[PDB]
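Structure data follow from input37.pdb (PDB, C-alpha atoms and all ligand atoms):
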```
ATOM      1  CA  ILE A   1     101.228 182.977  76.365  1.00  0.00           C
ATOM      2  CA  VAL A   2      97.555 183.176  75.357  1.00  0.00           C
ATOM      3  CA  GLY A   3      95.812 180.000  74.246  1.00  0.00           C
ATOM      4  CA  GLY A   4      98.712 177.714  75.138  1.00  0.00           C
ATOM      5  CA  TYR A   5      99.176 174.825  77.549  1.00  0.00           C
ATOM      6  CA  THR A   6     101.162 174.062  80.684  1.00  0.00           C
ATOM      7  CA  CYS A   7     104.553 172.899  79.419  1.00  0.00           C
ATOM      8  CA  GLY A   8     105.387 170.599  82.319  1.00  0.00           C
ATOM      9  CA  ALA A   9     108.117 171.268  84.862  1.00  0.00           C
ATOM     10  CA  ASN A  10     111.586 171.578  83.352  1.00  0.00           C
ATOM     11  CA  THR A  11     110.479 170.307  79.933  1.00  0.00           C
ATOM     12  CA  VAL A  12     111.902 173.476  78.279  1.00  0.00           C
ATOM     13  CA  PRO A  13     115.337 173.273  79.868  1.00  0.00           C
ATOM     14  CA  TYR A  14     116.858 176.253  78.018  1.00  0.00           C
ATOM     15  CA  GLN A  15     114.087 178.651  79.143  1.00  0.00           C
ATOM     16  CA  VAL A  16     115.284 181.200  81.702  1.00  0.00           C
ATOM     17  CA  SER A  17     113.442 183.872  83.688  1.00  0.00           C
ATOM     18  CA  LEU A  18     115.127 187.270  84.002  1.00  0.00           C
ATOM     19  CA  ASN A  19     114.492 188.604  87.516  1.00  0.00           C
ATOM     20  CA  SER A  20     115.014 192.077  88.989  1.00  0.00           C
ATOM     21  CA  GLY A  21     112.974 191.456  92.144  1.00  0.00           C
ATOM     22  CA  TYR A  22     110.305 189.755  90.023  1.00  0.00           C
ATOM     23  CA  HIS A  23     110.104 188.053  86.648  1.00  0.00           C
ATOM     24  CA  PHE A  24     110.170 190.582  83.810  1.00  0.00           C
ATOM     25  CA  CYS A  25     111.319 188.776  80.649  1.00  0.00           C
ATOM     26  CA  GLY A  26     112.316 185.420  79.260  1.00  0.00           C
ATOM     27  CA  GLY A  27     115.598 184.330  77.722  1.00  0.00           C
ATOM     28  CA  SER A  28     117.331 181.264  76.295  1.00  0.00           C
ATOM     29  CA  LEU A  29     120.480 179.575  77.604  1.00  0.00           C
ATOM     30  CA  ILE A  30     122.858 179.087  74.660  1.00  0.00           C
ATOM     31  CA  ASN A  31     125.965 177.825  76.543  1.00  0.00           C
ATOM     32  CA  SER A  32     126.922 177.413  80.197  1.00  0.00           C
ATOM     33  CA  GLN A  33     127.605 181.088  80.631  1.00  0.00           C
ATOM     34  CA  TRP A  34     125.498 183.025  78.092  1.00  0.00           C
ATOM     35  CA  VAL A  35     121.820 183.847  77.623  1.00  0.00           C
ATOM     36  CA  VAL A  36     120.073 185.318  74.530  1.00  0.00           C
ATOM     37  CA  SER A  37     117.136 187.672  75.141  1.00  0.00           C
ATOM     38  CA  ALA A  38     115.462 190.723  73.586  1.00  0.00           C
ATOM     39  CA  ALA A  39     117.231 194.105  73.683  1.00  0.00           C
ATOM     40  CA  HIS A  40     113.994 195.713  74.834  1.00  0.00           C
ATOM     41  CA  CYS A  41     114.373 193.599  78.027  1.00  0.00           C
ATOM     42  CA  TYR A  42     117.625 195.403  78.923  1.00  0.00           C
ATOM     43  CA  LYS A  43     117.978 196.783  82.446  1.00  0.00           C
ATOM     44  CA  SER A  44     120.602 196.669  85.146  1.00  0.00           C
ATOM     45  CA  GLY A  45     120.340 194.399  88.165  1.00  0.00           C
ATOM     46  CA  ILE A  46     119.509 191.164  86.308  1.00  0.00           C
ATOM     47  CA  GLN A  47     119.515 187.807  88.055  1.00  0.00           C
ATOM     48  CA  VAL A  48     119.150 184.911  85.628  1.00  0.00           C
ATOM     49  CA  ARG A  49     116.905 182.147  86.972  1.00  0.00           C
ATOM     50  CA  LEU A  50     117.490 178.736  85.377  1.00  0.00           C
ATOM     51  CA  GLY A  51     115.675 175.480  86.083  1.00  0.00           C
ATOM     52  CA  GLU A  52     112.400 177.265  86.852  1.00  0.00           C
ATOM     53  CA  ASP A  53     108.867 175.992  86.611  1.00  0.00           C
ATOM     54  CA  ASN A  54     106.811 177.834  89.256  1.00  0.00           C
ATOM     55  CA  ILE A  55     108.592 181.215  89.494  1.00  0.00           C
ATOM     56  CA  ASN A  56     107.012 181.838  92.941  1.00  0.00           C
ATOM     57  CA  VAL A  57     108.024 178.545  94.634  1.00  0.00           C
ATOM     58  CA  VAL A  58     111.480 177.033  95.196  1.00  0.00           C
ATOM     59  CA  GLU A  59     110.916 173.542  93.728  1.00  0.00           C
ATOM     60  CA  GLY A  60     114.484 172.178  93.780  1.00  0.00           C
ATOM     61  CA  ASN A  61     115.940 172.488  90.271  1.00  0.00           C
ATOM     62  CA  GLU A  62     116.669 176.235  90.209  1.00  0.00           C
ATOM     63  CA  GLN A  63     120.007 177.905  89.636  1.00  0.00           C
ATOM     64  CA  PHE A  64     120.077 181.664  90.319  1.00  0.00           C
ATOM     65  CA  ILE A  65     123.100 183.426  88.782  1.00  0.00           C
ATOM     66  CA  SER A  66     123.688 187.176  88.499  1.00  0.00           C
ATOM     67  CA  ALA A  67     124.594 188.754  85.184  1.00  0.00           C
ATOM     68  CA  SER A  68     128.150 190.070  84.879  1.00  0.00           C
ATOM     69  CA  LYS A  69     127.712 191.836  81.532  1.00  0.00           C
ATOM     70  CA  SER A  70     124.892 192.901  79.152  1.00  0.00           C
ATOM     71  CA  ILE A  71     125.456 193.465  75.462  1.00  0.00           C
ATOM     72  CA  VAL A  72     122.587 195.007  73.489  1.00  0.00           C
ATOM     73  CA  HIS A  73     122.962 194.569  69.725  1.00  0.00           C
ATOM     74  CA  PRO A  74     125.040 197.407  68.221  1.00  0.00           C
ATOM     75  CA  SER A  75     122.202 198.373  65.875  1.00  0.00           C
ATOM     76  CA  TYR A  76     119.191 197.964  68.180  1.00  0.00           C
ATOM     77  CA  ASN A  77     116.549 200.632  67.523  1.00  0.00           C
ATOM     78  CA  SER A  78     114.029 200.884  70.360  1.00  0.00           C
ATOM     79  CA  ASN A  79     111.484 202.773  68.219  1.00  0.00           C
ATOM     80  CA  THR A  80     111.254 200.236  65.370  1.00  0.00           C
ATOM     81  CA  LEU A  81     112.459 197.232  67.419  1.00  0.00           C
ATOM     82  CA  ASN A  82     114.851 196.356  64.599  1.00  0.00           C
ATOM     83  CA  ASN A  83     117.682 194.152  65.939  1.00  0.00           C
ATOM     84  CA  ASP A  84     115.769 193.304  69.141  1.00  0.00           C
ATOM     85  CA  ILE A  85     118.446 191.016  70.609  1.00  0.00           C
ATOM     86  CA  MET A  86     120.879 191.129  73.510  1.00  0.00           C
ATOM     87  CA  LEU A  87     123.381 188.805  75.161  1.00  0.00           C
ATOM     88  CA  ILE A  88     123.739 188.365  78.922  1.00  0.00           C
ATOM     89  CA  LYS A  89     126.838 186.790  80.457  1.00  0.00           C
ATOM     90  CA  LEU A  90     126.488 184.912  83.742  1.00  0.00           C
ATOM     91  CA  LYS A  91     128.935 185.612  86.599  1.00  0.00           C
ATOM     92  CA  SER A  92     129.507 181.826  86.892  1.00  0.00           C
ATOM     93  CA  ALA A  93     128.793 178.911  84.578  1.00  0.00           C
ATOM     94  CA  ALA A  94     125.510 177.116  85.028  1.00  0.00           C
ATOM     95  CA  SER A  95     125.639 173.420  85.858  1.00  0.00           C
ATOM     96  CA  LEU A  96     124.165 171.690  82.843  1.00  0.00           C
ATOM     97  CA  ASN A  97     121.863 168.705  83.337  1.00  0.00           C
ATOM     98  CA  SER A  98     118.644 167.314  81.809  1.00  0.00           C
ATOM     99  CA  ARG A  99     116.595 170.129  83.356  1.00  0.00           C
ATOM    100  CA  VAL A 100     119.055 172.994  82.669  1.00  0.00           C
ATOM    101  CA  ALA A 101     120.431 172.766  79.156  1.00  0.00           C
ATOM    102  CA  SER A 102     121.550 174.985  76.345  1.00  0.00           C
ATOM    103  CA  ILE A 103     119.615 175.292  73.062  1.00  0.00           C
ATOM    104  CA  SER A 104     121.459 175.007  69.735  1.00  0.00           C
ATOM    105  CA  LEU A 105     121.819 178.069  67.538  1.00  0.00           C
ATOM    106  CA  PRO A 106     120.518 177.730  63.971  1.00  0.00           C
ATOM    107  CA  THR A 107     122.720 176.518  61.155  1.00  0.00           C
ATOM    108  CA  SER A 108     120.145 177.733  58.659  1.00  0.00           C
ATOM    109  CA  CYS A 109     117.135 179.963  58.886  1.00  0.00           C
ATOM    110  CA  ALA A 110     113.727 178.446  59.190  1.00  0.00           C
ATOM    111  CA  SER A 111     111.003 178.654  56.597  1.00  0.00           C
ATOM    112  CA  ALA A 112     107.360 179.671  56.763  1.00  0.00           C
ATOM    113  CA  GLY A 113     105.250 176.665  57.702  1.00  0.00           C
ATOM    114  CA  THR A 114     107.813 175.275  60.169  1.00  0.00           C
ATOM    115  CA  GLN A 115     106.358 174.418  63.557  1.00  0.00           C
ATOM    116  CA  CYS A 116     107.894 175.900  66.602  1.00  0.00           C
ATOM    117  CA  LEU A 117     107.593 175.937  70.369  1.00  0.00           C
ATOM    118  CA  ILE A 118     107.131 179.342  72.049  1.00  0.00           C
ATOM    119  CA  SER A 119     107.233 179.527  75.857  1.00  0.00           C
ATOM    120  CA  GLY A 120     107.077 181.935  78.767  1.00  0.00           C
ATOM    121  CA  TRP A 121     105.529 183.279  81.956  1.00  0.00           C
ATOM    122  CA  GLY A 122     103.685 186.162  80.264  1.00  0.00           C
ATOM    123  CA  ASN A 123     100.029 187.155  80.388  1.00  0.00           C
ATOM    124  CA  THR A 124      97.577 184.397  79.462  1.00  0.00           C
ATOM    125  CA  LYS A 125      94.691 186.788  78.603  1.00  0.00           C
ATOM    126  CA  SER A 126      94.081 188.822  75.449  1.00  0.00           C
ATOM    127  CA  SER A 127      91.660 191.075  77.351  1.00  0.00           C
ATOM    128  CA  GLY A 128      92.745 191.851  80.863  1.00  0.00           C
ATOM    129  CA  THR A 129      95.502 190.266  82.841  1.00  0.00           C
ATOM    130  CA  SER A 130      96.414 186.948  84.424  1.00  0.00           C
ATOM    131  CA  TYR A 131     100.010 186.027  84.897  1.00  0.00           C
ATOM    132  CA  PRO A 132     100.816 182.355  85.433  1.00  0.00           C
ATOM    133  CA  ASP A 133     103.143 180.880  88.008  1.00  0.00           C
ATOM    134  CA  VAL A 134     104.206 177.905  85.884  1.00  0.00           C
ATOM    135  CA  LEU A 135     105.722 177.907  82.401  1.00  0.00           C
ATOM    136  CA  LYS A 136     103.305 178.012  79.455  1.00  0.00           C
ATOM    137  CA  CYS A 137     103.891 176.702  75.936  1.00  0.00           C
ATOM    138  CA  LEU A 138     102.428 177.230  72.474  1.00  0.00           C
ATOM    139  CA  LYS A 139     103.057 175.315  69.252  1.00  0.00           C
ATOM    140  CA  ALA A 140     102.850 177.728  66.333  1.00  0.00           C
ATOM    141  CA  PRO A 141     103.970 177.907  62.700  1.00  0.00           C
ATOM    142  CA  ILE A 142     106.162 180.549  61.134  1.00  0.00           C
ATOM    143  CA  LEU A 143     104.093 182.748  58.794  1.00  0.00           C
ATOM    144  CA  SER A 144     105.143 183.872  55.342  1.00  0.00           C
ATOM    145  CA  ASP A 145     106.985 187.168  54.993  1.00  0.00           C
ATOM    146  CA  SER A 146     104.121 188.401  52.802  1.00  0.00           C
ATOM    147  CA  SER A 147     101.485 187.549  55.425  1.00  0.00           C
ATOM    148  CA  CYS A 148     103.602 189.223  58.115  1.00  0.00           C
ATOM    149  CA  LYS A 149     104.059 192.406  56.060  1.00  0.00           C
ATOM    150  CA  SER A 150     100.353 192.509  55.220  1.00  0.00           C
ATOM    151  CA  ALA A 151      99.533 192.326  58.948  1.00  0.00           C
ATOM    152  CA  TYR A 152     102.025 195.086  59.860  1.00  0.00           C
ATOM    153  CA  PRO A 153     102.427 197.534  56.958  1.00  0.00           C
ATOM    154  CA  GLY A 154     105.633 199.506  57.093  1.00  0.00           C
ATOM    155  CA  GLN A 155     107.010 197.610  60.103  1.00  0.00           C
ATOM    156  CA  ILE A 156     108.594 194.220  59.227  1.00  0.00           C
ATOM    157  CA  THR A 157     112.329 194.233  58.565  1.00  0.00           C
ATOM    158  CA  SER A 158     114.586 191.436  57.335  1.00  0.00           C
ATOM    159  CA  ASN A 159     115.419 190.829  61.018  1.00  0.00           C
ATOM    160  CA  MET A 160     111.846 189.880  61.960  1.00  0.00           C
ATOM    161  CA  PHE A 161     109.377 187.103  61.271  1.00  0.00           C
ATOM    162  CA  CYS A 162     105.799 186.492  62.301  1.00  0.00           C
ATOM    163  CA  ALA A 163     104.559 183.263  63.875  1.00  0.00           C
ATOM    164  CA  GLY A 164     101.178 182.176  65.152  1.00  0.00           C
ATOM    165  CA  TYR A 165      97.646 182.263  63.853  1.00  0.00           C
ATOM    166  CA  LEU A 166      95.955 185.010  61.847  1.00  0.00           C
ATOM    167  CA  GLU A 167      92.566 183.969  63.227  1.00  0.00           C
ATOM    168  CA  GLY A 168      93.640 184.974  66.728  1.00  0.00           C
ATOM    169  CA  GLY A 169      93.377 183.184  70.041  1.00  0.00           C
ATOM    170  CA  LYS A 170      96.930 181.797  70.295  1.00  0.00           C
ATOM    171  CA  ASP A 171      99.964 184.050  70.751  1.00  0.00           C
ATOM    172  CA  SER A 172     102.780 185.255  72.972  1.00  0.00           C
ATOM    173  CA  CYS A 173     102.074 188.243  75.222  1.00  0.00           C
ATOM    174  CA  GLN A 174     103.530 190.802  77.640  1.00  0.00           C
ATOM    175  CA  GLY A 175     106.042 189.091  79.962  1.00  0.00           C
ATOM    176  CA  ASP A 176     107.008 186.504  77.326  1.00  0.00           C
ATOM    177  CA  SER A 177     109.403 189.029  75.735  1.00  0.00           C
ATOM    178  CA  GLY A 178     112.936 187.796  75.274  1.00  0.00           C
ATOM    179  CA  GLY A 179     111.971 184.129  75.416  1.00  0.00           C
ATOM    180  CA  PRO A 180     112.498 181.367  72.887  1.00  0.00           C
ATOM    181  CA  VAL A 181     110.962 180.267  69.624  1.00  0.00           C
ATOM    182  CA  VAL A 182     112.481 176.807  69.000  1.00  0.00           C
ATOM    183  CA  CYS A 183     111.994 174.900  65.751  1.00  0.00           C
ATOM    184  CA  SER A 184     113.492 171.480  65.020  1.00  0.00           C
ATOM    185  CA  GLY A 185     115.556 171.804  68.129  1.00  0.00           C
ATOM    186  CA  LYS A 186     117.129 175.172  67.113  1.00  0.00           C
ATOM    187  CA  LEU A 187     116.599 178.684  68.533  1.00  0.00           C
ATOM    188  CA  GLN A 188     115.083 180.511  65.553  1.00  0.00           C
ATOM    189  CA  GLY A 189     113.244 183.373  67.267  1.00  0.00           C
ATOM    190  CA  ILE A 190     113.076 185.683  70.263  1.00  0.00           C
ATOM    191  CA  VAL A 191     109.692 186.986  71.485  1.00  0.00           C
ATOM    192  CA  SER A 192     109.775 190.650  70.401  1.00  0.00           C
ATOM    193  CA  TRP A 193     106.528 192.564  69.709  1.00  0.00           C
ATOM    194  CA  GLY A 194     103.118 192.798  68.126  1.00  0.00           C
ATOM    195  CA  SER A 195      99.868 194.689  68.669  1.00  0.00           C
ATOM    196  CA  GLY A 196      98.126 193.337  71.701  1.00  0.00           C
ATOM    197  CA  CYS A 197      97.985 189.564  72.101  1.00  0.00           C
ATOM    198  CA  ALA A 198      96.043 186.925  70.201  1.00  0.00           C
ATOM    199  CA  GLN A 199      94.012 189.465  68.181  1.00  0.00           C
ATOM    200  CA  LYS A 200      92.836 188.655  64.676  1.00  0.00           C
ATOM    201  CA  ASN A 201      95.339 189.624  61.982  1.00  0.00           C
ATOM    202  CA  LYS A 202      97.965 190.669  64.581  1.00  0.00           C
ATOM    203  CA  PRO A 203     100.316 187.707  65.019  1.00  0.00           C
ATOM    204  CA  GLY A 204     103.422 187.816  67.143  1.00  0.00           C
ATOM    205  CA  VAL A 205     106.630 189.260  65.726  1.00  0.00           C
ATOM    206  CA  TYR A 206     109.941 187.610  66.560  1.00  0.00           C
ATOM    207  CA  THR A 207     113.599 188.501  66.161  1.00  0.00           C
ATOM    208  CA  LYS A 208     115.124 186.356  63.373  1.00  0.00           C
ATOM    209  CA  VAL A 209     117.984 184.669  65.271  1.00  0.00           C
ATOM    210  CA  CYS A 210     119.724 183.069  62.294  1.00  0.00           C
ATOM    211  CA  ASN A 211     120.740 186.582  61.124  1.00  0.00           C
ATOM    212  CA  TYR A 212     122.679 187.048  64.386  1.00  0.00           C
ATOM    213  CA  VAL A 213     124.638 183.798  64.762  1.00  0.00           C
ATOM    214  CA  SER A 214     127.900 185.346  63.525  1.00  0.00           C
ATOM    215  CA  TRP A 215     127.551 188.286  65.933  1.00  0.00           C
ATOM    216  CA  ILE A 216     126.639 185.971  68.818  1.00  0.00           C
ATOM    217  CA  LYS A 217     129.616 183.692  68.221  1.00  0.00           C
ATOM    218  CA  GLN A 218     132.175 186.468  67.799  1.00  0.00           C
ATOM    219  CA  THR A 219     130.808 188.357  70.820  1.00  0.00           C
ATOM    220  CA  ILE A 220     131.062 185.277  73.008  1.00  0.00           C
ATOM    221  CA  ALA A 221     134.593 184.579  71.681  1.00  0.00           C
ATOM    222  CA  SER A 222     135.858 187.975  72.905  1.00  0.00           C
ATOM    223  CA  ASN A 223     133.800 188.553  76.095  1.00  0.00           C
TER     224      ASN A 223
HETATM  225  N1  LIG A 301     101.537 189.256  70.950  1.00  0.00           N
HETATM  226  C1  LIG A 301     102.955 189.470  70.647  1.00  0.00           C
HETATM  227  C2  LIG A 301     103.673 190.206  71.728  1.00  0.00           C
HETATM  228  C3  LIG A 301     104.615 189.587  72.530  1.00  0.00           C
HETATM  229  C4  LIG A 301     105.267 190.280  73.525  1.00  0.00           C
HETATM  230  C5  LIG A 301     104.987 191.602  73.743  1.00  0.00           C
HETATM  231  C6  LIG A 301     104.075 192.252  72.934  1.00  0.00           C
HETATM  232  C7  LIG A 301     103.423 191.565  71.929  1.00  0.00           C
HETATM  233 CA    CA A 302     110.818 178.011  91.230  1.00  0.00          CA
END
```

Conversion result in structure tokens:
Amino acid sequence: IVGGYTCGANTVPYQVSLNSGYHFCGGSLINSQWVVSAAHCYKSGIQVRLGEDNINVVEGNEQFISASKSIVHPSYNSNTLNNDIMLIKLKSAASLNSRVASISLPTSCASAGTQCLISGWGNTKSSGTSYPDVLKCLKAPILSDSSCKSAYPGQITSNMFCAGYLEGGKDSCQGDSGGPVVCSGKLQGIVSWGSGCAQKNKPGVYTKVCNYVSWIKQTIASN
């Protein structure tokens, strides 16, 4: 997250870190045994780390649980990033508490102008590289479909939305991928892609979660 703020320990209780020897992507806990992330975060050997603040220090609220199963969206296209969503099942159910909690799925899509909370352990610099130890946060509005399409000609599908600031300075970044965009207490987006971080006229692009609620629910019901 570039241009954000320190969230505060365990204040984003649905935020998970995906670890394969190191943090490599975010995700969102949606029930005691399932995480939503980005399909482009897929790999084998995932340990889901819940209850994290500093990802380099054991601070006492962590739960580390291996994945038992990954399910990349049936229609994910890694070239266009259309349908950039995957589900991860935990080998055991997480213990839910005030610091480790699921986030509600949308009942309805969100509209441009809605404020949302974006979070992660990704790069905090738009030029160069500095990766934080503690969780970072950014409040950002959803942008209109027309603004998003103007910023990225030929690239925005019905499964994507832009959020952030056209002027630059505030955005998600590499290492935030897969993490949450929460609006009004609902998971509306997944950190997906863009062009660089926090550059003028290049806002972040997010997977539009409301389009996937039926698939998420029916996948969970049979897996
Ligand atoms: N600045 C948007 C973004 C997020 C994650 C990865 C690449 C780009
Ligand atoms: Ca920790």

Next on the checklist: Let me see if you get this right: every residue at most 7 Å from ligand CA 302 (chain A), counting all atoms listed in the file, written as a ChimeraX atom specification.
Outcome noted: /A:52-59,62

If the box runs along x, y and z of the file and leaves 8 Å on each side of ligand LIG 301 (chain A), what are its centre and edge lengths in Å, one decimal, as AutoDock Vina command-line options?
```
--center_x 103.4 --center_y 190.8 --center_z 72.2 --size_x 19.7 --size_y 19.0 --size_z 19.1
```

Checklist entry - Selected by the PyMOL selection byres (((chain A and resi 179) around 12) and not hetatm) in the shown coordinates: which residues, as a ChimeraX atom specification? => result /A:1,12,14-18,24-29,35-41,84-86,103,117-122,135-137,172-178,180-182,187-193,206-207,209

Checklist entry - Written as number ranges by chain, which residues does the PyMOL selection byres (((chain A and resi 110) around 12) and not hetatm) give for the file shown? => result A: 105-109, 111-116, 141-145, 160-163, 181-189, 208-211

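Taking atom CA of residue 2 of chain A as the reference point, atom CA of residue 125 of chain A is found at 5.6 Å.
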
Next on the checklist: As a check of understanding, name the residues that the PyMOL selection byres (((chain A and resi 95) around 10) and not hetatm) selects in the supplied structure, as a ChimeraX atom specification.
Outcome noted: /A:32-33,50,63,92-94,96-97,99-101

Next on the checklist: Counting only C-alpha atoms and all ligand atoms, which residue out of A:147, A:81, A:218, A:43 sits closest to ligand LIG 301 (chain A)?
Outcome noted: A:81

Next on the checklist: Rounded to one decimal, what separation in Å do you get between atom CA of residue 83 of chain A and atom CA of residue 158 of chain A?
Outcome noted: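 So the two atoms, atom CA of residue 83 of chain A and atom CA of residue 158 of chain A, lie 9.5 Å apart.
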
Item to check | Between atom CA of residue 5 of chain A and atom CA of residue 138 of chain A - distance in Å to one decimal | outcome: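 Separation between atom CA of residue 138 of chain A and atom CA of residue 5 of chain A: 6.5 Å.
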
Next on the checklist: Ranking A:199, A:139, A:123, A:171 by minimum distance to residue 151 of chain A and counting only C-alpha atoms, which one comes first?
Outcome noted: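 Result for the nearest residue to residue 151 of chain A: A:199.
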
Checklist entry - Using only C-alpha atoms and all ligand atoms, which residue out of A:166, A:221, A:198, A:46 lies closest to ligand LIG 301 (chain A)? => result A:198

Item to check | Selected residue of minimal separation from ligand LIG 301 (chain A) among A:13, A:4, A:203, A:168, counting all atoms listed in the file | outcome: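 Distance minimum relative to ligand LIG 301 (chain A) lands on A:203.
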
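Across A:134, A:7, A:205, A:72, the tightest approach to ligand LIG 301 (chain A) is made by A:205 when counting only C-alpha atoms and all ligand atoms.
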
Next on the checklist: Measuring between only C-alpha atoms and all ligand atoms, which one of A:213, A:126, A:65, A:153 shows the shortest distance to ligand LIG 301 (chain A)?
Outcome noted: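 Looking only at the distances to ligand LIG 301 (chain A), the closest residue turns out to be A:126.
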
Counting only C-alpha atoms, what is within 12 Å of residue 222 of chain A, bar same-chain residues fewer than 6 positions away, as a PDB file with C-alpha atoms, in the frame of the given file?
```pdb
ATOM      1  CA  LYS A  89     126.838 186.790  80.457  1.00  0.00           C
ATOM      2  CA  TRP A 215     127.551 188.286  65.933  1.00  0.00           C
ATOM      3  CA  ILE A 216     126.639 185.971  68.818  1.00  0.00           C
TER       4      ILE A 216
END
```
